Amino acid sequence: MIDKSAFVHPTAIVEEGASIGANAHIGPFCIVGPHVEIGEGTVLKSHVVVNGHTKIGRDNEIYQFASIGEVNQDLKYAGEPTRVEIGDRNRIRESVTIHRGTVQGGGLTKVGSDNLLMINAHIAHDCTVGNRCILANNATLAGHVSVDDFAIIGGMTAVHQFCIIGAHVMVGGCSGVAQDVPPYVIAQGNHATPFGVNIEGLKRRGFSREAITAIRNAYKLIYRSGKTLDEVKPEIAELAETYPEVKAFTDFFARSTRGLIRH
């Protein structure tokens, strides 16, 4: 149903069955399929395509020429009714593409809240983007990629399938990420390698001096101690007993499937 307080431009095509929330705005020449849900206050500026089984939260801003919910580019996909979930207060800029999941990959592409997806960012099938992330222009995720909370990916950068971009990471522009990036790390290059802790980001986000020091010491265990990852894992868990922020490493290690980026 279309809420009586939603605006649907006369040139937009909203198919029967679409759910449009209160005070939403569907601009001219938008197309909205019958399995789409658009939350309260969300705006589709103009020339937006939203289709598939796709749920969009509240107060989103989706700019012209974006394609949300579309058939993914995985040759394995065969038209199965997979899904997209998008949270609240995202800014989804011109030409962004967010594609539906695959059965093989779990059936769901998910984006959280308060993200900024810049022009022509690409969220492939089965990706999971967290909250407060930034993808700069042309940032490109292959299928099954995770971008964890607060992570930032610079312009022109691409991420290989299944990689994890950890929480509070900063990936430089013009980079190619082929392995997993631990939380709190700065990464850059082709292929991307680690350049220490994202100290300034943690500072601005309220991390204490003690937490940042512990995170720097965990970084040193991984990349400067010379031990194997299997040796350092319990040392990082031990450190997390005192500084809970360090637990992000433990949680990341359990999800990592491609190994860590390294010098």
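Numbering starts at 1 and follows the sequence shown.
> For the stretches 51-59 and 220-228, which has the higher mean C-alpha B-factor as given in the deposited record?
Mean B over CA atoms: larger for 220-228.
> Going by the average Cα B-factor in the PDB entry, point out whether 187-195 or 114-122 comes out higher.
According to the PDB entry, the answer is 187-195.
> State the tercile, meaning the lowest, middle or highest third, of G130 with respect to the CA B-factors recorded for its chain.
Within its chain, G130 is a lowest-third residue by C-alpha B-factor, going by the deposited values.
> Ranking every modelled residue in this chain by its Cα temperature factor as given in the entry, which third contains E70?
Lowest third, going by the recorded CA B-factors of the chain.
> Ranking the modelled residues of this chain by C-alpha B-factor as given in the entry, is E80 in the lowest, middle or highest third?
Tercile = highest for this residue's CA B-factor.
> Of the three thirds of its chain by CA temperature factor, lowest, middle or highest, which one includes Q104?
As the PDB entry reports it, the C-alpha B-factor of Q104 lands in the highest third of its chain.
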